[PDB]
Structures are given as C-alpha cells and as structure tokens.
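There is one chain below, alone, in structure tokens, taken in the form deposited in one PDB entry.
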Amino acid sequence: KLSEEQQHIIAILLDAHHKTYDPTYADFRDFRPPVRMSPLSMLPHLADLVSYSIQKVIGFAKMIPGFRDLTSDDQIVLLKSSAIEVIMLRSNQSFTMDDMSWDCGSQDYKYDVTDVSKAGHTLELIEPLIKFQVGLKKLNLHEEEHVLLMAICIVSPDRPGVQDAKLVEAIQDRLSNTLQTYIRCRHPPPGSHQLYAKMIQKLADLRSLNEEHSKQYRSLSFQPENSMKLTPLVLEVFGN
C-alpha cells in the first residue's frame, strides 16, 4: 500500500509540476516570432521555446525529493542528459492526436511535424518522436504517473558522467517504488495492465530519441549561422 512518504512524494511532484508548467502558455509572447513558409525559419522561435522549457525542467528537477542531496556536478550531469527527454515527455500534455500537433493555445503556437522540419530536423527523428507521443498518450497516464515518470527520467543512475551512482539509484528507487505502488493501488484495471513496464519502455524510447536528437543537434549546431539563432542556455545544456 501507498506509504505516507510515498503520497508525500506524489504531492511534492504534483505541486512542482504545477509551479513549473504553465498551461496558459502566456510566456510564448516573449519568444522570437514564429516564421512559417528551404530556410530553417522556425529555428529562432523554437530555440527560445526549447530554452524556456529547459528552465522549467531545471525548476522541476530541483523539487524532486532527494535531488538536491546530490553534488552540483551530478545535478548538472543528470539535467544535461535528461532535459531533451523531459521536454519530449512534458510536451505530451499539449500534444493532440486529432492532428498530431503540439497545441499550445493558439494557431501561432500550434506545432506540427512541418515546424520540426523548419528547425533543421529530419524524419529520422520526427517519425519515432510522433510514435512516442502517440504511444505515451495511449497510456492515458494519471498526472501522478506523468510527474513520477519525468522525475524518474531525470534521476537515472546510468547517465554518462554520474559520480555518485549509488545515491542516484537510491533516489530513483524511491520514485520507482512510489510509481509501482501507485499503479497497483490507484490505477484501476485494465488501464494498469503492464503499465509500469510500458512506462519503463518509454524511458528506453527516450534514450533512442535522445540519441537521434543529439546527433542531429550536433550536425545543426556545427554550422555557426545556425548556432547564432540558438540561446546561450541551449548551447550550454545541449552542447557547443
């Protein structure tokens, strides 16, 4: 059964999400304007979008129970390697399967696969990304499970460069046992059938999506003209 500490963890994560995710999308007015038609016209606007959510992801991570017990180096390693994946996860909230688009409140801020293309990325990434968004939406996660999966994603002990992998695993285990126990006691069948295994699979899907984005980002960011439209935070987290 769900221990008092486990429902505390869920409460903390639910609150952290509501403080770091804004469903009004009111800050999108501050980004560079979206340009939709050859040129990578969506790169300025999407760079600002990504940079904004990296900030939100950092804010969420800082509130995960136990995260701040890690060294600053480990917190950096965990966030640099996971931010792209948490963005993919948290973007599923705005994703809609009616037209396979990320609807963030307005047509200007409604993104489809054409907009991903107009940021330099190819179907090598977009195709498995949409399949991921579809499959994640299929799980119909409770918000409790949604925030738990984002937090498990962040505190992963196998990320490259992690120093105190013992502590990272112990933190992730408390989150993992919290999620498993939550599914048993609060997710009724048949929705809970193999749910934990399917959620862990999505973490594996994310590692592959991470790999492909990182390789396309490295190719895109190698061109200095493209690097110019990125933000300093994006360049710091995703790489030079």
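Numbering starts at 1 and follows the sequence shown. The term rigid core refers to the maximal set of C-alpha atoms that superpose within 1.5 Å between the two forms.
As for the form deposited in another entry, it is not shown, yet the points below apply to it.
Only one of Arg32, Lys62, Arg186, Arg174 has its Cα shifted by 2 Å or more between the shown form and the other one after fitting on the core, and that residue is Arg186. Core-aligned CA deviation for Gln216 between the shown form and the other one: 2 Å or greater. Wider separation of the C-alpha atoms of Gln216 and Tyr25, by 3 angstroms or more, is seen in that other deposited form than in the present form. Compared with the form shown, the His187-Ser94 C-alpha separation increases in that other deposited form, the change being 3 Å or greater.
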